[PDB]
């Protein structure tokens, strides 16, 4: 059916949840997949998944990786990608992806690498599950599993959900990912300058006020109002404390909405929850929000042949 090759990379934090990574590896292999580069799991340097040299070579070595239909799977997030950005051989990776592209998938910290690929070569990659959090969870979430294989196997596919926002249609380049990581790139060479897009954002363990602060920066930098639509994903561990006294994500949505002339849709399952979709960053998307529900139709990404 869809037995595949996965190739691990670990540009970010040390894998503390050794149990969960080996559980993810075993689950993939029990399903008939094969996993290369399993040695990245053991690697450690302080809080990083190996030395600057080793994490860097995980990425730069992808230019020589030639097996057909290889899924490159980030192990986990944390911190560490930001240290690598200046030393990544962006041209060589962009060149590699022009023919028989690797199918590169991860989320969180990995956003920054995905962003730099976009900035340098419009190279499409997948914001979606990673080895430890998703494949290595106690149960593999079926929604996430479905949506991963849905994107990677179908040249055109549709996601749907009961989103909140105006009834609207919008079309443009799908981009975004982890909000904090996108913010961390403003002003740098790896910030994608995508206008007229569909920008999708999520985050984890950011209090609402921080989420607002970040969205407002994207607003004030002129990024939000240049898009066709904004979609908000999951904002995990973002419940009010006492001091908030009614201030919550709803307030954040209201505050940004009062400044935007373009639609903002919320409620997509995307980011760090056990339910996440897989979004090909740099692909084409058509957003349609009606009274019956929301759809996002995506095309242009590379798929398993």
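Numbering follows the first chain given and starts at 1.
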Point to revise | Which of 180-188 and 94-102 has higher mean CA B factor, as the PDB entry lists it | key: 94-102
Check your understanding: Which of the two stretches, 38-46 or 22-30, shows the higher mean Cα temperature factor in the record?
Key -> 38-46
Exercise for review: Tell me which of 212, 160, 109, 203 tops the list for C-alpha B factor in the record.
Suggested key: 160
Practice item. Could you say which of 228, 147, 120, 76 has its CA atom at the highest B factor, as listed in the PDB entry? Key: 120
Revision key, fill the gap. Chain thirds by Cα B factor, record data; residue 132 belongs to the middle
Point to revise | CA B-factor placement of residue 218, once the chain's modelled residues are sorted into thirds | key: lowest
Point to revise | residue 88 - Cα temperature factor, lowest/middle/highest third of chain | key: middle
Revision key, fill the gap. Tertile call for residue 142 (CA temperature factor, within chain, third-based) is the highest
Revision key, fill the gap. Residue 16: C-alpha B-factor third of its chain, per the entry, is the highest
